[PDB]
Amino acid sequence: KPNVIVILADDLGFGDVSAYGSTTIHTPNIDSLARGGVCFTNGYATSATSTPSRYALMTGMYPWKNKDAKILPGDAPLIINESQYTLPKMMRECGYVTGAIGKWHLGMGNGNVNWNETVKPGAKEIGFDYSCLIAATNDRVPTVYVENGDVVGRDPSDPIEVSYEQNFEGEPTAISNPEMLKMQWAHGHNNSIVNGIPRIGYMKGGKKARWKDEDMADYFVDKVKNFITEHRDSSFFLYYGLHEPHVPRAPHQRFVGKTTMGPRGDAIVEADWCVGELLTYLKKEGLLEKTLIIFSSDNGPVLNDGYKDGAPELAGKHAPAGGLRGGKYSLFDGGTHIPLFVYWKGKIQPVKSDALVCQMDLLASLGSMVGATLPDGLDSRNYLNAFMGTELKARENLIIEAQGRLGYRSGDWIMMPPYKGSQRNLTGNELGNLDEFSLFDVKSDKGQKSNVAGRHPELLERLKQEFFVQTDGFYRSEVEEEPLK
Ligand SMILES: O=S(=O)(O)OC[C@H]1O[C@@H](O)[C@H](O)[C@@H](O)[C@H]1O
Ligand SMILES: [Ca+2]
């Protein structure tokens with residue numbers, strides 16, 4: 001029973017840490033988990049977007065088995081059943097105090113959230129004893145903190161209303177009042193304005209509750225330190241959802257100019273500082289040697305994701321997906337293949353593993369560690385030994401997902417079905433919409449340059465058979481292209 005901390009960054013690409021040898025960014029605090037722990041070269045989220053990757057981590061279920069597991073608005077209902085087995089529920093029944101701090105994006109309420117009372121079901125009802133959260137994303141209304149289902153700084157004399165349907169009569173928008181903007185929108189992100197930054201969706205009221213983006217990193221770090229100190233004498237499971245480098249990239253003043261890459265780079269150094277502050281505080285509390293730390297990212301990277309923040313102009317030679325094709329929103333490997341480090345000081349011996357592992361496996365793997373009785377019916381597989389770096393093999397195969405489109409990794413091979421859709425979305429990311437069943441040897445062709453399906457017809461038919469069996473009932477040959485907000 002060590003403490004367990006799952007740290008998720010938000011769109012942090014395979015090439016957005018220096019752990020794998022990048023010359024174009026420096027993430028020393030994050031790299032210390034990688035070098036001093038298990039550094040996974042073949043670590044995966046299930047999905048190339050937030051809500052589905054986070055759903056798979058929390059439930060141990062493939063998210064494409066839930067029709068609601070896609071990018072959620074801030075007023076979306078909770079997509080996990082109140083009765084369903086979850087990572088925090090398991091840890092709690094095995095003697096842990098549970099906390100979720102930072103990004104949520106799994107939904108809250110039952111479709112008519114009153115932001116002025118306790119919002120249920122939420123984190124509390126899926127097994128987090130403590131929560132202090134962003135409902136959806138830092139670019140989505142409501143721009144407030146939700147602590148155990150209550151909006152921080154709410155006020156009956158300035159009540160909060162949210163709509164993703166239309167503006168509140170009388171309320172300024174990015175379009176009505178462009179003079180109020182300190183950051184320009186590039187596409188979407190042109191509804192309500194908060195702290196000079198235009199957002200997705202419309203918000204009225206709660207002047208007191210409205211967050212300040214530049215102090216968000218510090219506010220969650222302080223909630224994390226409060227949680228650790230409150231529970232230092234107990235076994236705790238903390239889910240720490242960093243907002244960086246998700247748009248808007250408005251990091252604290254002290255991080256501005258730390259990089260050559262504008263707000264995007266500066267937000268990554270902000271996240272690295274949060275990780276450094278966590279490690280420092282664990283050392284201070286004397287907990288480092290009894291705390292298992294898992295660091296990862298919900299999905300692959302993106303430069304321009306809706307704001308004129310200089311990300312494409314100032315990227316220079318920086319390859320955020322570190323040589324992988326695509327990125328956020330892509331069915332190519334850069335969508336799901338993310339940094340993944342597992343660290344336990346004095347227990348795990350430093351290792352670089354090529355084991356095919358997925359965030360979805362943490363529920364069954366941690367379950368094995370703490371002696372859980374798992375229900376039947378989870379996708380989550382027990383690979384505890386691979387996660388501890390004791391064994392260098394885990395999965396033979398993994399399904400990957402990009403906004404409802406599915407593909408297949410099996411050993412050194414990726415099979416992508418063909419899908420009708422755009423080559424790129426407005427971000428410039430390649431979506432992985434190909435015209436034929438394609439096959440990539442990712443041992444030799446890391447960057448998925450070449451569809452070699454033609455010279456491997458036997459292997460292709462087999463990978464198609466296995467993919468159809470695992471996805472039947474969920475796989476859709478035609479998937480609606482969801483517009484960026
Ligand atoms: O990391 S995620 O939460 O999946 O990102 C969600 C994205 O949704 C898109 O509609 C917006 O254009 C992006 O700016 C971003 O907010
Ligand atoms: Ca994300």
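Position 1 is the first residue of the sequence, and the numbers go up from there. Atoms within a ligand are numbered from 1 in the order they appear, just like the ligands themselves. FYI, side chains are in, hydrogens and waters are out, and symmetry mates aren't considered; it's all heavy atoms of this structure.
In this structure, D11 and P301 have side chains that are not in contact, with every pair of non-hydrogen atoms separated by 4.5 Å or more.
A heavy-atom separation below 4.0 Å is found between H189 and ligand 1. Contact annotation: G306 has no heavy atom less than 4.0 Å from any atom of ligand 1.
At a heavy-atom cutoff of 4.0 Å, ligand 1 is contacted by no atom of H187, backbone or side chain. Within the 4.0 Å heavy-atom criterion, neither part of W185 lies near ligand 1. At a 4.0 Å heavy-atom cut-off, ligand 1 touches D139 through the side chain alone. At a 4.0 Å heavy-atom cut-off, ligand 1 does not touch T51 at all. Of the heavy atoms in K103, only side-chain atoms (C-beta onward) come closer than 4.0 Å to ligand 1.
Annotation for ligand 1: atoms under 4.0 Å from non-hydrogen atoms of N299 are 1 (O). Heavy-atom proximity to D305, at under 4.0 Å, picks out these atoms of ligand 1: 13 (C), 14 (O), 15 (C).
To the nearest 0.5 angstrom, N148 atom CG is 9.0 Å from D129 atom CG.
Counting backbone and side-chain atoms alike, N299 contributes an N/O/S atom closer than 3.0 Å to the Ca ion (ligand 2).
Under the 3.5 Å distance criterion, with hydrogens and angles disregarded, a donor-acceptor pair is assigned to the side chains of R405 and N433. Defined by atom type and a distance below 3.5 Å, a donor-acceptor pair is missing between the side-chain atoms of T137 and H246. The closest side-chain donor-acceptor pair between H318 and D16 falls under 3.5 angstrom.
The side chain to side chain donor-acceptor pair (under 3.5 Å) with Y329 is formed by just one residue from the set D305, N429, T49; it is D305.
In this structure, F128 and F237 have parallel ring planes: the angle between them is below the 30° cut-off, well short of the 60° mark.
Looking only at heavy atoms of the protein, atom 8 (O) of ligand 1 is closest to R140 NH2, 3.0 Å.
For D11, the N, O or S atom closest to the Ca ion (ligand 2) goes by the atom name OD1. Within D10, OD1 is the N, O or S atom that lies nearest to the Ca ion (ligand 2).
Within 6.0 Å of the NZ atom in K225, the count of heavy atoms belonging to other residues, nucleotides or ligands exceeds 12.
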